[PDB]
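Written out below as structure tokens is the structure these notes cover.
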2 protein chains.
Amino acid sequence: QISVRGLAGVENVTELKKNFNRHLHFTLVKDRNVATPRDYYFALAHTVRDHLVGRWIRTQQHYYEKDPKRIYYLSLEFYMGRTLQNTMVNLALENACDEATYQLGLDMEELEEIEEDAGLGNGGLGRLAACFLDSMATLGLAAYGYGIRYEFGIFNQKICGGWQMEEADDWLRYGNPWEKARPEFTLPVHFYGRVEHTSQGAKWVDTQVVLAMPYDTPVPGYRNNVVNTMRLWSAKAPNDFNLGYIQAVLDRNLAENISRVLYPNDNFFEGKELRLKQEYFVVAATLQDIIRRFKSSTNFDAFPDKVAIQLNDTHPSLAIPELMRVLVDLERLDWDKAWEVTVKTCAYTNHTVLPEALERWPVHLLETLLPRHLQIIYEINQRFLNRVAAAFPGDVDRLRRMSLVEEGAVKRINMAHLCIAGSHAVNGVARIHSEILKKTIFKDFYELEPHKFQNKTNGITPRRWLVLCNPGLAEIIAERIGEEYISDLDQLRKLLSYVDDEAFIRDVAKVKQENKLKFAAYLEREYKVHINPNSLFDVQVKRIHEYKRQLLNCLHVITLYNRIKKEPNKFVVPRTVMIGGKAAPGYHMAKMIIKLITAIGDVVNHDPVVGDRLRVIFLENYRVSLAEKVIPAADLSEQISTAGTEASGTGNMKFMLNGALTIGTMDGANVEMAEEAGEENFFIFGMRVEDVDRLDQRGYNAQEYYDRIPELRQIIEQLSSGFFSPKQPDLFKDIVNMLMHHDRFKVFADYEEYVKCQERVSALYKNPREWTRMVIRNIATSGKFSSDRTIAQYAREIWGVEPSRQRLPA
Amino acid sequence: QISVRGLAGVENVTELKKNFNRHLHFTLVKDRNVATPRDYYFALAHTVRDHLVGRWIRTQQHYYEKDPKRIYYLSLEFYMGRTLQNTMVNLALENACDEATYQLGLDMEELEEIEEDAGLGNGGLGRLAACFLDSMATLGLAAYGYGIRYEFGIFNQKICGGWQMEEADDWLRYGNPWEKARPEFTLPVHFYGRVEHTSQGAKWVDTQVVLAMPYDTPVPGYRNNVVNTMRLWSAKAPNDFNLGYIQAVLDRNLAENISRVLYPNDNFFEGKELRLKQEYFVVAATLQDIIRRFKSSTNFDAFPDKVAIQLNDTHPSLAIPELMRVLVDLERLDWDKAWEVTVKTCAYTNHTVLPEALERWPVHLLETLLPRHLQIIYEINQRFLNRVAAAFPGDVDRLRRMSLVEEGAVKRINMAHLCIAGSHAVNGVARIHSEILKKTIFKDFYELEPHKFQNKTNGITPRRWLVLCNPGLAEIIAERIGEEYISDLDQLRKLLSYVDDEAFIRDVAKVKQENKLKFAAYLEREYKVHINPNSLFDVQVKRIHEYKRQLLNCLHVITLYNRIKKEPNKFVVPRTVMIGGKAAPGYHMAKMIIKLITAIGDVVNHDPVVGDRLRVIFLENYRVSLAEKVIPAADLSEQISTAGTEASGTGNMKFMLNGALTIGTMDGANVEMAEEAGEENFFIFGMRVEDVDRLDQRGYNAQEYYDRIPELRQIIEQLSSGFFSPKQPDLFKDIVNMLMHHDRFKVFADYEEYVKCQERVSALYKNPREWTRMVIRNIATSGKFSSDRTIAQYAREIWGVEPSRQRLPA
Ligand SMILES: OC[C@H]1O[C@@H](NC(=S)N/N=C/c2ccc(O)cc2)[C@H](O)[C@@H](O)[C@@H]1O
Ligand SMILES: OC[C@H]1O[C@@H](NC(=S)N/N=C/c2ccc(O)cc2)[C@H](O)[C@@H](O)[C@@H]1O
Ligand SMILES: OC[C@H]1O[C@@H](NC(=S)N/N=C\c2ccc(O)cc2)[C@H](O)[C@@H](O)[C@@H]1O
Ligand SMILES: OC[C@H]1O[C@@H](NC(=S)N/N=C\c2ccc(O)cc2)[C@H](O)[C@@H](O)[C@@H]1O
């Protein structure tokens, strides 16, 4: 039907049809009379997966013969989403499958909707890992993603009476056709026990054993026949476990609980023993696998030439002392050489500056769980602090600031300090974030070792985030500049020479309109809600956090509502304001914010005077598959974190690529997006990092803003008095109290500039032609934010490997 | 290679080879350089399973069009064993697969050894269910086996220092290629709650819900293209389960524990809540499925014409009040009509007379767990007892004897009494057993309703138990009488006219010798033990129980040893004495018996004076796959239970069919085996049922035997003094104490006759020609003990359906 979706050749279509029927019959054990849509989805999944096999086998064969340096990306999160459409896109099968299913009397789109997301992540950090895997394959790198196969991913969110309820994400219930179990590469992981000292070395003994069983999922590159591996570990009890009898068998669950569930905290640290176990489990199994592969290529001097380990935040930081443990205790290398190998092997990526998000494990936990690792950590700290003492003689305060061991009521290990010490590179995820690392939280470390510190601005894959979710945009672009931009996103710059082209302007705007109509229809069907598709689609989608300032958006919404009620017969640009995202189950303020959003909707959406001029919708169960639908339909992208708090953001880049304009603070990657597009093509408002610092010195007084802005005072009085909760008038007192007396993120200080900047958005929207020309200038300059660029920089600047765009033989 | 294993046609062999390679590539994701024996097994399993699909689909289609009466066989146990070879046998694929694998450079036998048993049963009752499914398919009956998919089957037994250790039977670890998950037919099962009475009916409310997810396994008939279904339920938590957050997800395990593990008790009742839950779980899910299928054919009068439910012991006895619950509470039928339907639908098979094996559930358990069922049971009891009162006026003691409710310290429900009341037929499993039911434990019920009581003597399938495990015997038989006996085992009678045929005598004996050499080689390879293949193979394999009198065998063994040590230079017929079987983990005496057996071996097998004249071996981990190996190699079958205690036995029939002679008491099916073969062709010894009763009246005094038999006294003095346990001289005091003072099974009373009868065995073995002629007379008369005969009798006499030998279209 459309060009970018590949060829629908006669032989390919015939071949897909017959393999589809074969799978329906032999694999699913059904015929056409009894089959449900789900059976049809599964027959298609199996038909598609068959095309990965040859390439997957030959790619891994290739790495064995060529023996390139291997990249190991260790993450506790891989937020993959759905796999069917992505696989078709990367193999150029989409149009052929569309045609094959059409002739079988099936709608492929309807079948696509049946697949559950692999929701093995919380948000941005987990999605980054997934985008990275795609780019690593597309760039021909010998890369492996290693993580945990959680039985339950991020919870499904239901909204009940305006409140978030959680339900278990039982994503494996019907079976996962995209994975291959590899029980033959099952490995032991050790826990607890004690340290014994012998004549020649320490020994870790009397351990409890848990088995790590790998499941491999293929990662196809974009049309290059490269198929890499994501290996996810599942926890299994050994067979003599606990071995009255009935209870011993039932207690196997305790061991297997390690891989049961993803911790649902976005940007918050919870010092729970189960989480620690998960962190060690992935690290111990992965390293054994790494070393096995390295030996099957004694000379551990070549280890760093053949191995790179990337730590996705501090979550797999135990990789550092585990590598040391294996090299010293088992391989019998001397400490200093083992350490040299470790540093040159490992690199650490930091994803946050929020103090509450930094992992600081209590010493008593590590003592019981991983006694040898603690000993190794103490030894690392002693030797590191000796270097600091020598570089900064007599600077006693520097010593306690830089120590891996934090003193206090409970002694803790600072995992970030561990990571910096045991890595040859440390990067932040956007230029301002990386600068904040050098200037503030890791200042001491940067002064000791400036060479270690780097920036790698985040990106998103243009395969999932343009071609897959916005085929109509991808196609109107390809008609003018060809298809090569899909794996070389800098080519979008060529679109600048079409900014005054009347045909292109019309087409860009038509595609957006079609996406909005499709999403507006989606909302009615599955959620019975009415929206005006002519309105400006104002969307804020991301995890619910105080720092992300969904509350600032709320205040804007109420301001608009109050202004309409003030002058009802005045013209306003109509808006559909959509806010979505999950709150962490324990995060009370975030749950209150959700309730506020729905409570605002209840008032606004039923006021007869408002009409179809303002709608407020809470987008339930925001997740990768939902992002793929709402992002292409958006006009306005809300990126409004307090400057200095969003390390990068990636949602921001998704919106930019799909034809939304951005209202945002100079925070995270927003700064670089504004720089690429030009500041006149971005709706920038609010305090910069320096303004925040100035206010912090002086002291943030929210009352000042309340006193001087009458529109803001009215909103606070509405919230307090029970205007938005008539039956429970004090419902939102926690929110008012926080805003007035305890606001770490200074919502009030940015309110005036935000509202003003929002008026400028509405003005531009009144002029369809100029709105669209600014949109074109955003899409045209979004090339930098491809994860192919990001990964090319990791490869050259950290891992010491060259990317390749060459095809492997088909 | 051999005739009975089917044709190896050029097209079939070519087709198997290519489908094998296709599966190795697309299914397993391997090539020939990396594949292990297990991968090769799995490629073959998938290649074979593909041939079941068309037939499986068309068989179930057929039942839908013809709407025959359906048979539902409800069991908590299905001891299936391995499936690969059985599938090949029933589809006539064995020689073709053998040839296909040979040409790929593979030994199919070696691949067969890789498959784990489906060990979903304890022993005879579980194996009976499996044999029945095979016969039901072979006889063209519309039959379904319903049970539980246990994650852990019967434990693997390891012997450590002579003691049984248990390890979890993690049989699903590598995935089960023979099942198809059917998550779409998932059904709710209710637990706990309370009973509310409304204007129109009782209602069961506030229940905890557990989901029942079915897995279907095909059951192929022998060469008739009929493929029936075994449906096994797995327990799943609902998704809002318990729904702080992390714990709620982890607590899902509590619900899913229902299908976790098989209770390892053979012939013993343990009143554990988890077991009760398992019993209701299978019953509730199965009945919903039954009723669904019945409606998709309001007129519940036709229910019994379209449905038969067979209860395999009392384990699924809750079927009776559950059917009543559904018919009264949900369908709103009046009690009396619902009851009529129930009785005509249900039939009960009893498998034991041991009082400790009868299920008697505490009232307080049913009250909490199944409050409505208890109410229904009370109502059944009241109405049943009113019938008894009317038939036997003033017989107050009869009333309390027949009550479903037993009074005492704890009130209990007698599940056997429930079953008799709610069933139109009650059968025992061998003629003497069924007679014992009418004369003793169910005497009162037989007097009230003599028409209900029947016999159905057990059988074994000749597919697994001759063709599969003894191809060499099957072939020498087929050479003379054709292949038709495989599904008409009465034809073995034709072999009587070959009892003096010199060629046949030679061939029968050659096959046994070959089987003995193969098993003797098997023992050295996998267990490093030396045996003399010229010796008489004396085997007792079955679960370890006091009633089965492994101890009587032990005493014989020691007698032989003592006699040799007495007259070392006298000739004795050499014996290899093999004893194997699992003990229930809680059963202390059974565990002591195992230790005695190994301790005897330790002494006998290392005495230089004994030589290769006597060997005592404990066969570790006895299970279906091991039975298939040892039974064909056996010369002497030990069936030596105290008369009145073994309801039937089926092991006995397996040995008879495979060319072993039987030494046994007149107990269970032994009586009918002796009757078929002629008593001169059986080694019968010991007390009959009547002799046991006589001794019981008088009082069993073990001391009498100890005093009067000097050979027996010596053995007791050896056991007591520590001859068989020099380091722990008092090790066997519990055993001696039991034999001397507390022996329910009268081991001593049968000792003299046993030893004497064993001398007569040795004498016959000295005459190879006459041994073999007696063997021929056993095999020739083993036809009665085919489960095809058994199932034909259930069909005609209980279920009201005609068996059919006709082929369905291929
Ligand atoms: O069908 C559901 C089951 O599929 C199996 N996969 C098997 S047996 N082969 N898979 C091959 C394969 C997987 C991914 C591909 O891209 C290509 C082939 C997996 O190992 C199971 O974990 C899963 O439950
Ligand atoms: O391969 C391992 C997996 O196989 C799946 N089976 C599938 S997807 N199809 N099975 C078809 C089938 C089964 C038995 C047959 O005899 C014929 C076909 C089962 O549903 C899973 O429970 C199992 O783990
Ligand atoms: O670089 C990718 C993205 O990473 C996110 N960080 C996230 S989602 N978690 N960051 C830290 C963290 C997460 C879970 C924890 O349990 C502890 C720390 C940042 O907040 C984003 O600004 C950034 O775009
Ligand atoms: O009919 C088949 C076979 O059934 C067996 N009975 C068995 S193995 N269990 N019988 C009762 C029982 C089992 C487990 C329980 O938890 C309770 C009762 C009998 O002991 C055999 O003599 C007979 O051949």
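By convention in this document, the chains of the structure tokens carry letters A, B, ... by their order, each chain's residues are numbered from 1, and ligands are numbered from 1 in the order they are shown.
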Check every protein, DNA and RNA residue against ligand 4, keep those with an atom at most 8 Å away (counting only C-alpha atoms and all ligand atoms), and present them as a ChimeraX atom specification.
/B:122-128,263-270,313-315,350-352,357-359,428-429,458,645-651,668
Any idea which chain B residues end up within 9 Å of chain A if we count only C-alpha atoms, as an MDAnalysis selection string please?
chainID B and resid 25:31 49:51 53:54 56:57 152 165:170 173:175 180:184 238:241 243:246 248:250 253 257 260:264 585:586
Writing out the chosen residues with C-alpha atoms as an mmCIF file, in the first residue's frame:
data_model
loop_
_atom_site.group_PDB
_atom_site.id
_atom_site.type_symbol
_atom_site.label_atom_id
_atom_site.label_comp_id
_atom_site.auth_asym_id
_atom_site.auth_seq_id
_atom_site.Cartn_x
_atom_site.Cartn_y
_atom_site.Cartn_z
ATOM 1 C CA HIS B 25 16.383 -25.369 12.506
ATOM 2 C CA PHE B 26 13.126 -23.410 12.943
ATOM 3 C CA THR B 27 11.868 -24.860 16.249
ATOM 4 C CA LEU B 28 15.009 -25.514 18.266
ATOM 5 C CA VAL B 29 17.157 -22.812 16.560
ATOM 6 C CA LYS B 30 20.213 -25.020 16.155
ATOM 7 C CA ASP B 31 22.368 -26.474 13.408
ATOM 8 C CA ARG B 49 3.756 -34.937 17.276
ATOM 9 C CA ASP B 50 2.986 -33.350 13.877
ATOM 10 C CA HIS B 51 1.399 -36.670 12.787
ATOM 11 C CA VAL B 53 -2.569 -33.168 14.643
ATOM 12 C CA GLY B 54 -4.859 -34.031 11.709
ATOM 13 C CA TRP B 56 -6.680 -35.234 16.762
ATOM 14 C CA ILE B 57 -8.651 -32.462 15.028
ATOM 15 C CA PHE B 152 6.245 -31.912 40.306
ATOM 16 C CA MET B 165 16.489 -39.656 49.625
ATOM 17 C CA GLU B 166 13.846 -37.734 47.691
ATOM 18 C CA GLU B 167 14.437 -35.150 45.031
ATOM 19 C CA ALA B 168 11.880 -32.986 43.275
ATOM 20 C CA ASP B 169 10.762 -34.430 39.926
ATOM 21 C CA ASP B 170 11.134 -31.255 37.884
ATOM 22 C CA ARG B 173 12.170 -28.070 33.202
ATOM 23 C CA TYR B 174 12.945 -28.429 29.450
ATOM 24 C CA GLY B 175 9.306 -28.014 28.362
ATOM 25 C CA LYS B 180 -1.011 -28.000 24.145
ATOM 26 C CA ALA B 181 -1.931 -25.191 26.530
ATOM 27 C CA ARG B 182 -5.514 -24.031 26.145
ATOM 28 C CA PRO B 183 -5.594 -20.700 28.151
ATOM 29 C CA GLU B 184 -8.791 -19.793 26.278
ATOM 30 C CA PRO B 238 -6.521 -14.148 38.938
ATOM 31 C CA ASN B 239 -4.810 -10.836 37.983
ATOM 32 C CA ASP B 240 -6.329 -8.664 40.703
ATOM 33 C CA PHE B 241 -5.191 -11.327 43.229
ATOM 34 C CA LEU B 243 -4.661 -6.417 44.770
ATOM 35 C CA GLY B 244 2.123 -4.052 49.758
ATOM 36 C CA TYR B 245 2.392 -4.287 45.949
ATOM 37 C CA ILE B 246 5.499 -6.540 45.718
ATOM 38 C CA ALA B 248 0.680 -9.082 46.687
ATOM 39 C CA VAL B 249 2.336 -10.270 43.440
ATOM 40 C CA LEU B 250 4.524 -12.789 45.316
ATOM 41 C CA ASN B 253 2.099 -18.497 44.665
ATOM 42 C CA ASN B 257 0.404 -24.115 44.924
ATOM 43 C CA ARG B 260 2.416 -27.751 42.402
ATOM 44 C CA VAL B 261 2.988 -31.285 43.608
ATOM 45 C CA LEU B 262 1.602 -34.825 43.616
ATOM 46 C CA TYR B 263 0.961 -36.298 47.075
ATOM 47 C CA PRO B 264 3.392 -39.249 47.265
ATOM 48 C CA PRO B 585 8.426 -40.020 52.444
ATOM 49 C CA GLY B 586 6.604 -40.159 55.803
#
Could you give me, as a PyMOL selection string, each residue of range 188-382 of chain B that DSSP assigns to strand (DSSP E) when run on this structure's backbone?
chain B and resi 188-191+194-198+201-205+208-220+227-236+307-312+346-349+360-362
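Proximity to residue 665 in chain B was assessed for B:624, B:79, B:64, B:750 counting only C-alpha atoms; the smallest distance is recorded for B:750.
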To test your reading of the structure, identify every residue in range 206-267 of chain B that backbone DSSP assigns to alpha helix (DSSP H), and report it as a ChimeraX atom specification.
/B:245-250,252-256
Those same residues, written as a PDB file, in the first residue's frame with N, CA and C atoms?
ATOM      1  N   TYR B 245       2.423  -3.855  47.353  1.00  0.00           N
ATOM      2  CA  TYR B 245       2.392  -4.287  45.949  1.00  0.00           C
ATOM      3  C   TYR B 245       3.284  -5.502  45.661  1.00  0.00           C
ATOM      4  N   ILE B 246       4.571  -5.429  46.005  1.00  0.00           N
ATOM      5  CA  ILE B 246       5.499  -6.540  45.718  1.00  0.00           C
ATOM      6  C   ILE B 246       4.986  -7.854  46.342  1.00  0.00           C
ATOM      7  N   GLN B 247       4.635  -7.787  47.628  1.00  0.00           N
ATOM      8  CA  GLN B 247       4.091  -8.925  48.375  1.00  0.00           C
ATOM      9  C   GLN B 247       2.817  -9.505  47.773  1.00  0.00           C
ATOM     10  N   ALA B 248       1.913  -8.638  47.332  1.00  0.00           N
ATOM     11  CA  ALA B 248       0.680  -9.082  46.687  1.00  0.00           C
ATOM     12  C   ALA B 248       0.976  -9.941  45.443  1.00  0.00           C
ATOM     13  N   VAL B 249       1.921  -9.499  44.612  1.00  0.00           N
ATOM     14  CA  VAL B 249       2.336 -10.270  43.440  1.00  0.00           C
ATOM     15  C   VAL B 249       2.972 -11.605  43.849  1.00  0.00           C
ATOM     16  N   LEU B 250       3.859 -11.573  44.840  1.00  0.00           N
ATOM     17  CA  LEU B 250       4.524 -12.789  45.316  1.00  0.00           C
ATOM     18  C   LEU B 250       3.549 -13.784  45.946  1.00  0.00           C
ATOM     19  N   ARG B 252       0.712 -14.615  44.923  1.00  0.00           N
ATOM     20  CA  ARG B 252       0.013 -15.381  43.897  1.00  0.00           C
ATOM     21  C   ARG B 252       0.378 -16.869  43.962  1.00  0.00           C
ATOM     22  N   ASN B 253       1.594 -17.146  44.429  1.00  0.00           N
ATOM     23  CA  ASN B 253       2.099 -18.497  44.665  1.00  0.00           C
ATOM     24  C   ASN B 253       1.183 -19.378  45.508  1.00  0.00           C
ATOM     25  N   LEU B 254       0.525 -18.772  46.492  1.00  0.00           N
ATOM     26  CA  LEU B 254      -0.383 -19.484  47.374  1.00  0.00           C
ATOM     27  C   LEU B 254      -1.530 -20.150  46.599  1.00  0.00           C
ATOM     28  N   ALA B 255      -2.080 -19.434  45.618  1.00  0.00           N
ATOM     29  CA  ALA B 255      -3.153 -19.960  44.789  1.00  0.00           C
ATOM     30  C   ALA B 255      -2.596 -21.050  43.885  1.00  0.00           C
ATOM     31  N   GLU B 256      -1.450 -20.772  43.281  1.00  0.00           N
ATOM     32  CA  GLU B 256      -0.868 -21.654  42.287  1.00  0.00           C
ATOM     33  C   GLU B 256      -0.243 -22.907  42.894  1.00  0.00           C
TER      34      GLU B 256
END
Which polymer residues have any atom within 6 Å of an atom of range 8-14 of chain B, counting only C-alpha atoms, with same-chain residues fewer than 6 positions away left out, as a ChimeraX atom specification?
/B:95-96,100
Near-residue 137 in chain B list (8 Å; only C-alpha atoms; drop same-chain fewer than 4 positions) as number ranges by chain
B: 133, 141-143, 219-222, 226-228
Can you write out the residues you just picked, keeping N, CA, C and O atoms, as a PDB file, in the first residue's frame?
ATOM      1  N   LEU B 133      -6.713 -45.129  29.344  1.00  0.00           N
ATOM      2  CA  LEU B 133      -6.843 -44.121  28.290  1.00  0.00           C
ATOM      3  C   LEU B 133      -6.465 -44.733  26.928  1.00  0.00           C
ATOM      4  O   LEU B 133      -7.147 -44.507  25.931  1.00  0.00           O
ATOM      5  N   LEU B 141     -13.866 -45.192  21.840  1.00  0.00           N
ATOM      6  CA  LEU B 141     -14.825 -44.557  22.745  1.00  0.00           C
ATOM      7  C   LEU B 141     -14.550 -43.064  22.837  1.00  0.00           C
ATOM      8  O   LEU B 141     -13.395 -42.654  22.826  1.00  0.00           O
ATOM      9  N   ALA B 142     -15.609 -42.263  22.921  1.00  0.00           N
ATOM     10  CA  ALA B 142     -15.473 -40.817  23.078  1.00  0.00           C
ATOM     11  C   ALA B 142     -15.102 -40.478  24.527  1.00  0.00           C
ATOM     12  O   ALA B 142     -15.948 -40.035  25.299  1.00  0.00           O
ATOM     13  N   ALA B 143     -13.831 -40.673  24.873  1.00  0.00           N
ATOM     14  CA  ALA B 143     -13.391 -40.621  26.261  1.00  0.00           C
ATOM     15  C   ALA B 143     -12.386 -39.499  26.522  1.00  0.00           C
ATOM     16  O   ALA B 143     -11.561 -39.168  25.666  1.00  0.00           O
ATOM     17  N   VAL B 219      -4.271 -38.679  23.119  1.00  0.00           N
ATOM     18  CA  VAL B 219      -4.152 -40.104  23.421  1.00  0.00           C
ATOM     19  C   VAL B 219      -4.484 -40.888  22.138  1.00  0.00           C
ATOM     20  O   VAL B 219      -5.648 -41.048  21.804  1.00  0.00           O
ATOM     21  N   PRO B 220      -3.463 -41.373  21.423  1.00  0.00           N
ATOM     22  CA  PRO B 220      -3.761 -42.094  20.180  1.00  0.00           C
ATOM     23  C   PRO B 220      -4.179 -43.549  20.414  1.00  0.00           C
ATOM     24  O   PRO B 220      -3.556 -44.250  21.219  1.00  0.00           O
ATOM     25  N   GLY B 221      -5.231 -43.992  19.719  1.00  0.00           N
ATOM     26  CA  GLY B 221      -5.575 -45.407  19.686  1.00  0.00           C
ATOM     27  C   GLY B 221      -4.567 -46.184  18.844  1.00  0.00           C
ATOM     28  O   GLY B 221      -3.798 -45.586  18.077  1.00  0.00           O
ATOM     29  N   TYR B 222      -4.568 -47.508  18.985  1.00  0.00           N
ATOM     30  CA  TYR B 222      -3.662 -48.359  18.218  1.00  0.00           C
ATOM     31  C   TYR B 222      -4.134 -48.513  16.753  1.00  0.00           C
ATOM     32  O   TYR B 222      -5.077 -49.246  16.456  1.00  0.00           O
ATOM     33  N   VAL B 226      -7.887 -42.902  15.806  1.00  0.00           N
ATOM     34  CA  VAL B 226      -8.651 -42.227  16.843  1.00  0.00           C
ATOM     35  C   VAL B 226      -7.633 -41.559  17.763  1.00  0.00           C
ATOM     36  O   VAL B 226      -6.633 -42.169  18.136  1.00  0.00           O
ATOM     37  N   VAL B 227      -7.866 -40.293  18.087  1.00  0.00           N
ATOM     38  CA  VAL B 227      -6.992 -39.561  19.010  1.00  0.00           C
ATOM     39  C   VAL B 227      -7.869 -38.821  20.014  1.00  0.00           C
ATOM     40  O   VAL B 227      -8.535 -37.833  19.671  1.00  0.00           O
ATOM     41  N   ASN B 228      -7.898 -39.348  21.236  1.00  0.00           N
ATOM     42  CA  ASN B 228      -8.683 -38.766  22.314  1.00  0.00           C
ATOM     43  C   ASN B 228      -7.855 -37.736  23.082  1.00  0.00           C
ATOM     44  O   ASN B 228      -6.693 -37.510  22.756  1.00  0.00           O
TER      45      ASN B 228
END
Find the spatial neighbours of range 697-703 of chain A, counting only C-alpha atoms, within a cut-off of 12 Å - ignore same-chain residues fewer than 4 positions away - and output them as a list in words.
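Once the adjacent positions are removed, what remains is residues 690, 691, 692, 693, 707, 708, 709, 712, 713, 716, 736, 737, 738, 739, 740, 741, 742, 743, 744, 745, 746, 747, 748, 749, 750 and 751 of chain A.
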